[PDB]
file coords35.pdb (PDB, C-alpha atoms (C1' of nucleotides))
ATOM      1  CA  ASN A   1      63.637 -43.542 -61.442  1.00  0.00           C
ATOM      2  CA  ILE A   2      66.104 -41.717 -59.177  1.00  0.00           C
ATOM      3  CA  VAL A   3      65.687 -43.911 -56.093  1.00  0.00           C
ATOM      4  CA  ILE A   4      65.801 -47.200 -58.021  1.00  0.00           C
ATOM      5  CA  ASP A   5      68.974 -46.006 -59.772  1.00  0.00           C
ATOM      6  CA  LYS A   6      70.533 -44.721 -56.516  1.00  0.00           C
ATOM      7  CA  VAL A   7      70.749 -47.665 -54.097  1.00  0.00           C
ATOM      8  CA  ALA A   8      68.954 -50.441 -56.032  1.00  0.00           C
ATOM      9  CA  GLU A   9      71.419 -50.179 -58.980  1.00  0.00           C
ATOM     10  CA  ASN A  10      68.443 -50.104 -61.364  1.00  0.00           C
ATOM     11  CA  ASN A  11      66.526 -53.105 -60.045  1.00  0.00           C
ATOM     12  CA  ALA A  12      63.046 -53.417 -58.564  1.00  0.00           C
ATOM     13  CA  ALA A  13      63.172 -56.827 -56.857  1.00  0.00           C
ATOM     14  CA  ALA A  14      65.520 -55.539 -54.150  1.00  0.00           C
ATOM     15  CA  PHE A  15      63.360 -52.449 -53.610  1.00  0.00           C
ATOM     16  CA  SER A  16      60.139 -54.484 -53.572  1.00  0.00           C
ATOM     17  CA  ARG A  17      61.555 -56.951 -51.041  1.00  0.00           C
ATOM     18  CA  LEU A  18      62.920 -54.071 -48.951  1.00  0.00           C
ATOM     19  CA  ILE A  19      59.509 -52.373 -48.754  1.00  0.00           C
ATOM     20  CA  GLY A  20      57.496 -55.612 -48.935  1.00  0.00           C
ATOM     21  CA  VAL A  21      55.139 -54.419 -51.691  1.00  0.00           C
ATOM     22  CA  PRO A  22      54.720 -56.920 -54.551  1.00  0.00           C
ATOM     23  CA  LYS A  23      56.737 -56.080 -57.639  1.00  0.00           C
ATOM     24  CA  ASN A  24      53.575 -55.647 -59.721  1.00  0.00           C
ATOM     25  CA  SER A  25      52.690 -52.556 -57.692  1.00  0.00           C
ATOM     26  CA  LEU A  26      56.298 -51.359 -57.990  1.00  0.00           C
ATOM     27  CA  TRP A  27      56.085 -51.602 -61.786  1.00  0.00           C
ATOM     28  CA  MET A  28      52.701 -49.857 -61.741  1.00  0.00           C
ATOM     29  CA  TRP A  29      54.167 -46.987 -59.713  1.00  0.00           C
ATOM     30  CA  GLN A  30      57.413 -46.697 -61.688  1.00  0.00           C
ATOM     31  CA  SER A  31      56.054 -47.096 -65.235  1.00  0.00           C
ATOM     32  CA  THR A  32      52.363 -46.167 -65.523  1.00  0.00           C
ATOM     33  CA  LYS A  33      50.266 -43.242 -64.281  1.00  0.00           C
ATOM     34  CA  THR A  34      49.326 -45.027 -61.048  1.00  0.00           C
ATOM     35  CA  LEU A  35      49.660 -43.021 -57.844  1.00  0.00           C
ATOM     36  CA  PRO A  36      50.933 -45.072 -54.876  1.00  0.00           C
ATOM     37  CA  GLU A  37      48.795 -45.041 -51.753  1.00  0.00           C
ATOM     38  CA  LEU A  38      49.717 -42.494 -49.096  1.00  0.00           C
ATOM     39  CA  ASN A  39      50.639 -45.266 -46.656  1.00  0.00           C
ATOM     40  CA  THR A  40      52.843 -46.815 -49.342  1.00  0.00           C
ATOM     41  CA  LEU A  41      54.239 -43.396 -50.278  1.00  0.00           C
ATOM     42  CA  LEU A  42      55.435 -42.527 -46.795  1.00  0.00           C
ATOM     43  CA  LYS A  43      56.551 -46.100 -46.103  1.00  0.00           C
ATOM     44  CA  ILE A  44      58.865 -45.689 -49.096  1.00  0.00           C
ATOM     45  CA  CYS A  45      59.848 -42.294 -47.676  1.00  0.00           C
ATOM     46  CA  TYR A  46      60.620 -43.871 -44.286  1.00  0.00           C
ATOM     47  CA  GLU A  47      62.708 -46.505 -46.056  1.00  0.00           C
ATOM     48  CA  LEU A  48      64.571 -43.551 -47.579  1.00  0.00           C
ATOM     49  CA  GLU A  49      64.287 -41.694 -44.229  1.00  0.00           C
ATOM     50  CA  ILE A  50      63.327 -38.493 -46.070  1.00  0.00           C
ATOM     51  CA  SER A  51      60.184 -36.402 -45.623  1.00  0.00           C
TER      52      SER A  51
ATOM     53  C1'  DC B   1     -41.549 122.067  41.233  1.00  0.00           C
ATOM     54  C1'  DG B   2     -43.366 117.932  42.864  1.00  0.00           C
ATOM     55  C1'  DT B   3     -44.756 113.311  41.802  1.00  0.00           C
ATOM     56  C1'  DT B   4     -44.671 108.757  39.139  1.00  0.00           C
ATOM     57  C1'  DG B   5     -43.247 105.335  36.242  1.00  0.00           C
ATOM     58  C1'  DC B   6     -39.080 103.455  33.811  1.00  0.00           C
ATOM     59  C1'  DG B   7     -34.474 101.991  33.167  1.00  0.00           C
ATOM     60  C1'  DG B   8     -29.040 101.460  34.169  1.00  0.00           C
ATOM     61  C1'  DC B   9     -25.620  99.632  37.954  1.00  0.00           C
ATOM     62  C1'  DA B  10     -23.840  96.824  40.994  1.00  0.00           C
ATOM     63  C1'  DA B  11     -23.942  94.095  45.046  1.00  0.00           C
ATOM     64  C1'  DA B  12     -27.035  90.003  46.649  1.00  0.00           C
ATOM     65  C1'  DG B  13     -29.505  85.932  46.005  1.00  0.00           C
ATOM     66  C1'  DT B  14     -30.111  81.416  44.025  1.00  0.00           C
ATOM     67  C1'  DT B  15     -28.505  76.949  41.368  1.00  0.00           C
ATOM     68  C1'  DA B  16     -24.990  74.181  39.840  1.00  0.00           C
ATOM     69  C1'  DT B  17     -20.403  71.578  39.750  1.00  0.00           C
ATOM     70  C1'  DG B  18     -16.208  69.612  40.871  1.00  0.00           C
ATOM     71  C1'  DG B  19     -13.157  69.130  45.312  1.00  0.00           C
ATOM     72  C1'  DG B  20     -12.083  67.473  50.566  1.00  0.00           C
ATOM     73  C1'  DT B  21     -13.108  65.106  54.976  1.00  0.00           C
ATOM     74  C1'  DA B  22     -15.068  62.311  58.782  1.00  0.00           C
ATOM     75  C1'  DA B  23     -18.788  58.788  59.346  1.00  0.00           C
ATOM     76  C1'  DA B  24     -22.596  55.832  58.424  1.00  0.00           C
ATOM     77  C1'  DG B  25     -23.219  51.845  55.695  1.00  0.00           C
ATOM     78  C1'  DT B  26     -21.842  47.289  52.957  1.00  0.00           C
ATOM     79  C1'  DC B  27     -20.591  43.059  52.475  1.00  0.00           C
ATOM     80  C1'  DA B  28     -17.361  38.472  52.533  1.00  0.00           C
ATOM     81  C1'  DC B  29     -14.501  35.428  55.792  1.00  0.00           C
ATOM     82  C1'  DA B  30     -17.085  31.598  56.916  1.00  0.00           C
ATOM     83  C1'  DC B  31     -13.853  23.929  52.235  1.00  0.00           C
ATOM     84  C1'  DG B  32     -14.786  24.646  47.485  1.00  0.00           C
ATOM     85  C1'  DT B  33     -15.618  26.243  40.936  1.00  0.00           C
ATOM     86  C1'  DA B  34     -14.183  24.277  36.897  1.00  0.00           C
ATOM     87  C1'  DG B  35     -16.291  20.072  34.854  1.00  0.00           C
ATOM     88  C1'  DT B  36     -18.663  16.935  31.080  1.00  0.00           C
ATOM     89  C1'  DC B  37     -21.006  15.094  26.899  1.00  0.00           C
ATOM     90  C1'  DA B  38     -21.629  15.995  21.786  1.00  0.00           C
ATOM     91  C1'  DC B  39     -19.626  16.786  17.569  1.00  0.00           C
ATOM     92  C1'  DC B  40     -17.640  15.260  12.621  1.00  0.00           C
ATOM     93  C1'  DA B  41     -13.231  14.984   9.782  1.00  0.00           C
ATOM     94  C1'  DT B  42      -8.766  12.577   8.947  1.00  0.00           C
ATOM     95  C1'  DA B  43      -5.019   8.796   9.595  1.00  0.00           C
ATOM     96  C1'  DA B  44      -4.531   4.027   9.862  1.00  0.00           C
ATOM     97  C1'  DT B  45      -4.676  -0.437   9.941  1.00  0.00           C
ATOM     98  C1'  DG B  46      -6.498  -5.035   9.043  1.00  0.00           C
ATOM     99  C1'  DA B  47      -9.489  -7.587   6.496  1.00  0.00           C
ATOM    100  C1'  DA B  48     -12.167  -8.422   1.905  1.00  0.00           C
ATOM    101  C1'  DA B  49     -11.364  -8.601  -2.442  1.00  0.00           C
ATOM    102  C1'  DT B  50      -9.582  -7.809  -6.846  1.00  0.00           C
ATOM    103  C1'  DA B  51      -8.760  -8.416 -11.857  1.00  0.00           C
ATOM    104  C1'  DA B  52      -5.689 -10.019 -14.050  1.00  0.00           C
ATOM    105  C1'  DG B  53      -2.208 -13.443 -14.428  1.00  0.00           C
ATOM    106  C1'  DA B  54      -0.236 -18.384 -14.392  1.00  0.00           C
ATOM    107  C1'  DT B  55      -0.274 -22.924 -15.184  1.00  0.00           C
ATOM    108  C1'  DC B  56      -2.598 -27.693 -16.377  1.00  0.00           C
ATOM    109  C1'  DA B  57      -4.974 -30.483 -19.403  1.00  0.00           C
ATOM    110  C1'  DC B  58      -6.957 -31.634 -23.816  1.00  0.00           C
ATOM    111  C1'  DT B  59      -7.786 -31.227 -29.209  1.00  0.00           C
ATOM    112  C1'  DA B  60      -6.620 -30.482 -33.571  1.00  0.00           C
ATOM    113  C1'  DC B  61      -3.327 -29.154 -37.578  1.00  0.00           C
ATOM    114  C1'  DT B  62       0.638 -29.337 -40.160  1.00  0.00           C
ATOM    115  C1'  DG B  63       6.132 -29.469 -41.168  1.00  0.00           C
ATOM    116  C1'  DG B  64       8.995 -33.003 -42.325  1.00  0.00           C
ATOM    117  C1'  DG B  65      13.834 -36.666 -41.857  1.00  0.00           C
ATOM    118  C1'  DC B  66      16.336 -41.322 -40.856  1.00  0.00           C
ATOM    119  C1'  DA B  67      17.771 -46.210 -41.373  1.00  0.00           C
ATOM    120  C1'  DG B  68      18.259 -48.464 -45.368  1.00  0.00           C
ATOM    121  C1'  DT B  69      18.541 -49.618 -50.666  1.00  0.00           C
ATOM    122  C1'  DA B  70      20.793 -49.431 -55.210  1.00  0.00           C
ATOM    123  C1'  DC B  71      23.626 -48.702 -59.512  1.00  0.00           C
ATOM    124  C1'  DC B  72      27.600 -47.271 -62.487  1.00  0.00           C
ATOM    125  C1'  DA B  73      31.504 -47.263 -63.311  1.00  0.00           C
ATOM    126  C1'  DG B  74      37.065 -45.435 -62.151  1.00  0.00           C
ATOM    127  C1'  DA B  75      41.124 -46.881 -60.066  1.00  0.00           C
ATOM    128  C1'  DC B  76      44.655 -49.180 -57.246  1.00  0.00           C
ATOM    129  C1'  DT B  77      46.462 -53.849 -55.968  1.00  0.00           C
ATOM    130  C1'  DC B  78      47.999 -58.328 -56.959  1.00  0.00           C
ATOM    131  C1'  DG B  79      47.468 -63.952 -58.132  1.00  0.00           C
ATOM    132  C1'  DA B  80      49.039 -66.238 -61.860  1.00  0.00           C
ATOM    133  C1'  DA B  81      51.527 -66.675 -65.591  1.00  0.00           C
ATOM    134  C1'  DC B  82      55.046 -65.126 -69.800  1.00  0.00           C
ATOM    135  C1'  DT B  83      59.313 -64.106 -71.256  1.00  0.00           C
ATOM    136  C1'  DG B  84      64.211 -62.277 -71.644  1.00  0.00           C
ATOM    137  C1'  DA B  85      69.262 -61.736 -69.552  1.00  0.00           C
ATOM    138  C1'  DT B  86      72.588 -64.244 -67.161  1.00  0.00           C
ATOM    139  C1'  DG B  87      76.547 -66.672 -64.356  1.00  0.00           C
TER     140       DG B  87
END
call {"tool": "encode", "arguments": {"input": "coords35.pdb", "output": "structure tokens"}}
result
Amino acid sequence: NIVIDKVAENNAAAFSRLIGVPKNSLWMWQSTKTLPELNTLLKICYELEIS
DNA sequence: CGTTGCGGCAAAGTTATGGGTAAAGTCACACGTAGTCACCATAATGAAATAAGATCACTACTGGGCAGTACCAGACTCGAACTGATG
């Protein structure tokens, strides 16, 4: 919720295209109790350049 | 005393013993005495042998695991489509 509202101005399509993951997985991560894969987690972290 | 036998006294006589001195005997110098088996215990090896030890080979007995098979879901991911806000 923080990262989408920080640089993606509350949108998921830009974030999904930036990280390449389909938007369905983005919605699953951001809305339900679905834990993103570790590779996906730290790829998002690298996109944010934060540990 | 007058005579006769007996006994003491003190040289005198006879044996014995440890010394000295000339003189008849005595005997080694003659190449020669050391020299040679017999003897049985102890060290001392070197060989004979060990008594056990070392390993091979076989026979039988008994633990016991690996490549592979199989199901029942839970959970994340995402084609494919639905549907609402918008410039």
call {"tool": "closest_residue", "arguments": {"input": "coords35.pdb", "among": "B:58, B:76, B:29, B:1", "to": "chain A", "atoms": "all atoms listed in the file"}}
result
B:76
call {"tool": "residues_around", "arguments": {"input": "coords35.pdb", "residues": "residue 16 (chain A)", "least_positions_apart": "5", "cutoff": "9 Å", "atoms": "all atoms listed in the file", "output": "list in words"}}
result
residues 21, 22, 23, 25 and 26 of chain A
call {"tool": "residues_around", "arguments": {"input": "coords35.pdb", "residues": "residue 7 (chain A)", "least_positions_apart": "6", "cutoff": "12 Å", "atoms": "all atoms listed in the file", "output": "CSV table (one decimal) with C-alpha atoms, in the coordinates of the input"}}
result
chain,number,residue,atom,x,y,z
A,1,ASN,CA,63.6,-43.5,-61.4
A,14,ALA,CA,65.5,-55.5,-54.2
A,15,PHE,CA,63.4,-52.4,-53.6
A,18,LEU,CA,62.9,-54.1,-49.0
A,47,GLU,CA,62.7,-46.5,-46.1
A,48,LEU,CA,64.6,-43.6,-47.6
call {"tool": "closest_residue", "arguments": {"input": "coords35.pdb", "among": "A:3, A:36, A:31, A:20", "to": "chain B", "atoms": "only C-alpha atoms (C1' of nucleotides)"}}
result
A:36
call {"tool": "interface_residues", "arguments": {"input": "coords35.pdb", "of": "chain B", "to": "chain A", "cutoff": "9 Å", "atoms": "only C-alpha atoms (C1' of nucleotides)", "output": "list in words"}}
result
residues 75, 76, 77 and 78 of chain B
call {"tool": "decode", "arguments": {"input": "coords35.pdb", "residues": "region 1-32 of chain A", "atoms": "N, CA, C and O atoms", "output": "compact mmCIF listing (two decimals), in the first residue's frame"}}
result
# COMPACT_ATOMS: atom_id res chain seq x y z
N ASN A 1 0.82 -1.21 0.00
CA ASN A 1 0.00 0.00 0.00
C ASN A 1 0.86 1.26 0.00
O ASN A 1 0.50 2.25 -0.64
N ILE A 2 1.98 1.24 0.72
CA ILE A 2 2.87 2.39 0.76
C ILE A 2 3.57 2.59 -0.58
O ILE A 2 3.59 3.71 -1.12
N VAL A 3 4.14 1.53 -1.15
CA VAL A 3 4.96 1.69 -2.35
C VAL A 3 4.09 2.04 -3.55
O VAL A 3 4.49 2.85 -4.40
N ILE A 4 2.90 1.45 -3.65
CA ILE A 4 2.00 1.79 -4.75
C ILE A 4 1.55 3.24 -4.65
O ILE A 4 1.38 3.93 -5.66
N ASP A 5 1.36 3.74 -3.43
CA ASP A 5 0.93 5.12 -3.21
C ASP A 5 2.09 6.10 -3.14
O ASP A 5 1.85 7.30 -2.92
N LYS A 6 3.33 5.64 -3.33
CA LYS A 6 4.50 6.51 -3.25
C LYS A 6 4.94 7.01 -4.62
O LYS A 6 5.00 8.22 -4.86
N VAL A 7 5.26 6.09 -5.53
CA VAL A 7 5.72 6.46 -6.86
C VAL A 7 4.74 6.05 -7.96
O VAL A 7 4.82 6.60 -9.07
N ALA A 8 3.83 5.12 -7.69
CA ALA A 8 2.85 4.68 -8.67
C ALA A 8 1.53 5.44 -8.57
O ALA A 8 0.57 5.06 -9.24
N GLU A 9 1.49 6.50 -7.76
CA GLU A 9 0.30 7.33 -7.54
C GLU A 9 -0.97 6.49 -7.48
O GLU A 9 -1.98 6.79 -8.12
N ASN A 10 -0.91 5.42 -6.68
CA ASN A 10 -2.04 4.52 -6.45
C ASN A 10 -2.52 3.87 -7.74
O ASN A 10 -3.71 3.93 -8.09
N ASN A 11 -1.60 3.25 -8.47
CA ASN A 11 -1.96 2.41 -9.60
C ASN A 11 -1.07 1.17 -9.59
O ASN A 11 0.05 1.20 -9.07
N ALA A 12 -1.58 0.08 -10.16
CA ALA A 12 -0.84 -1.17 -10.20
C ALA A 12 -0.31 -1.52 -11.58
O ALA A 12 0.66 -2.28 -11.68
N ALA A 13 -0.91 -0.98 -12.65
CA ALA A 13 -0.45 -1.29 -14.00
C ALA A 13 0.98 -0.80 -14.22
O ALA A 13 1.80 -1.52 -14.80
N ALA A 14 1.28 0.41 -13.76
CA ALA A 14 2.64 0.93 -13.89
C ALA A 14 3.63 0.07 -13.10
O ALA A 14 4.70 -0.28 -13.60
N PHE A 15 3.27 -0.29 -11.87
CA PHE A 15 4.14 -1.13 -11.06
C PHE A 15 4.32 -2.51 -11.70
O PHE A 15 5.45 -3.03 -11.76
N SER A 16 3.23 -3.10 -12.18
CA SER A 16 3.31 -4.43 -12.78
C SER A 16 4.18 -4.42 -14.03
O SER A 16 4.99 -5.32 -14.24
N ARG A 17 4.02 -3.39 -14.87
CA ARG A 17 4.86 -3.28 -16.06
C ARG A 17 6.32 -3.01 -15.68
O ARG A 17 7.24 -3.49 -16.35
N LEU A 18 6.54 -2.24 -14.62
CA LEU A 18 7.90 -1.94 -14.19
C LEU A 18 8.62 -3.19 -13.70
O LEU A 18 9.80 -3.39 -14.00
N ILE A 19 7.92 -4.05 -12.96
CA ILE A 19 8.53 -5.28 -12.46
C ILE A 19 8.29 -6.47 -13.38
O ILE A 19 8.95 -7.51 -13.22
N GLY A 20 7.36 -6.36 -14.34
CA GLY A 20 7.12 -7.41 -15.30
C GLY A 20 6.16 -8.49 -14.86
O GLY A 20 5.75 -9.30 -15.70
N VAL A 21 5.80 -8.53 -13.59
CA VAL A 21 4.87 -9.53 -13.08
C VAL A 21 3.46 -9.19 -13.57
O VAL A 21 3.09 -8.00 -13.59
N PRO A 22 2.66 -10.17 -13.98
CA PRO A 22 1.29 -9.87 -14.38
C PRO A 22 0.50 -9.26 -13.24
O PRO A 22 0.71 -9.57 -12.06
N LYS A 23 -0.43 -8.38 -13.61
CA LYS A 23 -1.21 -7.63 -12.63
C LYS A 23 -2.04 -8.52 -11.72
O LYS A 23 -2.39 -8.09 -10.62
N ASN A 24 -2.39 -9.72 -12.17
CA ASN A 24 -3.14 -10.63 -11.31
C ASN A 24 -2.34 -10.97 -10.06
O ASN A 24 -2.87 -10.95 -8.94
N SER A 25 -1.05 -11.27 -10.23
CA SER A 25 -0.19 -11.52 -9.08
C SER A 25 -0.02 -10.27 -8.22
O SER A 25 0.07 -10.37 -7.00
N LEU A 26 0.03 -9.09 -8.85
CA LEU A 26 0.12 -7.85 -8.07
C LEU A 26 -1.11 -7.67 -7.19
O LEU A 26 -0.99 -7.31 -6.01
N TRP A 27 -2.30 -7.92 -7.74
CA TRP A 27 -3.52 -7.83 -6.95
C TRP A 27 -3.53 -8.88 -5.85
O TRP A 27 -3.95 -8.60 -4.72
N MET A 28 -3.07 -10.10 -6.15
CA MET A 28 -3.02 -11.14 -5.14
C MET A 28 -2.10 -10.74 -3.99
O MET A 28 -2.42 -10.98 -2.82
N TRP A 29 -0.96 -10.12 -4.30
CA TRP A 29 -0.04 -9.69 -3.26
C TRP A 29 -0.60 -8.53 -2.45
O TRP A 29 -0.47 -8.49 -1.23
N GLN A 30 -1.23 -7.56 -3.13
CA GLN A 30 -1.63 -6.32 -2.49
C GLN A 30 -3.00 -6.38 -1.82
O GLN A 30 -3.34 -5.46 -1.07
N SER A 31 -3.79 -7.42 -2.07
CA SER A 31 -5.15 -7.46 -1.53
C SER A 31 -5.42 -8.68 -0.66
O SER A 31 -6.06 -8.55 0.39
N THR A 32 -4.96 -9.86 -1.06
CA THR A 32 -5.25 -11.09 -0.34
C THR A 32 -4.08 -11.47 0.55
O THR A 32 -3.07 -10.76 0.65
